[PDB]
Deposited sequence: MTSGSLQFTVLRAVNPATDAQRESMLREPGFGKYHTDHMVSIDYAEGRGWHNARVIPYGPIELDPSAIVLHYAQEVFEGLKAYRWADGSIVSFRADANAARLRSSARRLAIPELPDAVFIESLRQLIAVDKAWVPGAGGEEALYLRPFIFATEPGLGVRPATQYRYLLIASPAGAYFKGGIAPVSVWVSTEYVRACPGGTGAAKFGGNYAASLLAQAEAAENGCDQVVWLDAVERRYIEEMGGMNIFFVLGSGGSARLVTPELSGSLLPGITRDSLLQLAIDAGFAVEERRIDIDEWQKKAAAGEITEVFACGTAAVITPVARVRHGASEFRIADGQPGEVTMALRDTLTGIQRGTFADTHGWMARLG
């Protein structure tokens, strides 16, 4: 973690107030603070990048701001205004700027904005007191384990929110994966236990065919998986590069069948931390199957090169995704 953190308080009637930059250090809670009992909390994640001209920039921070608000609404948490969200990013970079790594490769500074209920009380109801903190931390094909025993979120629930509870529910599967020598978990839909949703901390894309004829398929926003900002961006970039894209349902049977037939030629996972991570093989119960030759796919690495290029300030930001933080 870096040297400082940004703290902001909420009190009913007063709104979000008392924003201040303080050292990174322990915080205090009443034993009956609602977050310790009923998990009323939401969070975000995004990076600060250093550019060649010496500036520090963010990638689609406005999207994170709005998503923290969408998550907060689902959890009955008062929304942090986008302007205050953005300003907290600027405040932290101003004091901890030396922590942002050099330009220009994979290295960046990870920013963790988060909100938790602090009001003391064992009644099960939305809190009237909260805290927001902003902290910072300095920041290869994988195998995936299909979870059949566990479900992470369901329609009408909290899966489209970045809510701590979704991650808690995933811990046992994430241990069961490692016990099968897999790197990550792919989650299936709650209702029919068939349709691909997402991985534990990433969205998932499928490449079908190859060359100019190659096209992208990704699970549609079901209501129970996260609308990732990397996912959103890659949809836009694929369209920019002339790839057909389909947001639709795809189940594990279609995945296995089309991979075996060689129609699915690449699979990749995407998210803020790794940008894009190739998926080489899949374990589904007793069976295992490989994606193509198990190596990083052509479209996979082309999209990754485009997106990291924009983020590092090497390639034109045609969508106006980058903004200055310091």
Legend entry - Deposited sequence positions missing from the model - stretches, numbered from 1, in order: 1-34, 174-181
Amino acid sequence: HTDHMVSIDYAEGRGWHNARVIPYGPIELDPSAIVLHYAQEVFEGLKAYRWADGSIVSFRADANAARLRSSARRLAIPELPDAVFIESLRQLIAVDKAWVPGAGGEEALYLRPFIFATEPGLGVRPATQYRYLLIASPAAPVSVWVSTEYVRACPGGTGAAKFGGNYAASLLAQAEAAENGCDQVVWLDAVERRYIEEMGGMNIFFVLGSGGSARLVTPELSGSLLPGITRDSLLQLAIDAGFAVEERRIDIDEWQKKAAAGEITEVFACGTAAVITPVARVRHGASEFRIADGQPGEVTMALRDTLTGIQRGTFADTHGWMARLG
From here on, numbers count along this sequence of modelled residues.
Inset, instruction - Quick one: say whether 303-311 or 15-23 has the higher mean Cα B-factor in the deposited entry. - result: 15-23
Inset, instruction - Decide which of the stretches 161-169 and 208-216 has the higher mean C-alpha B-factor, going by the entry. - result: 208-216
Legend entry - From 119, 82, 232, 176, residue of greatest CA B-factor: 176
Legend entry - Out of 132, 110, 187, 243, highest CA B-factor residue: 243
Legend entry - Ranked against its chain, the third holding the CA B-factor of residue 262: highest
Inset, instruction - Within this chain's modelled residues, let me know which third the CA B factor of residue 54 belongs to: lowest, middle or highest. - result: highest
Inset, instruction - Divide the modelled residues of the chain into thirds by Cα B-factor and specify which third, lowest, middle or highest, holds residue 273. - result: middle
Inset, instruction - Taking the values exactly as deposited, rank residue 297 by C-alpha B-factor within its chain and report the matching third: lowest, middle or highest. - result: lowest
Legend entry - Cα B factor band for residue 28 (lowest, middle or highest third within the chain): middle
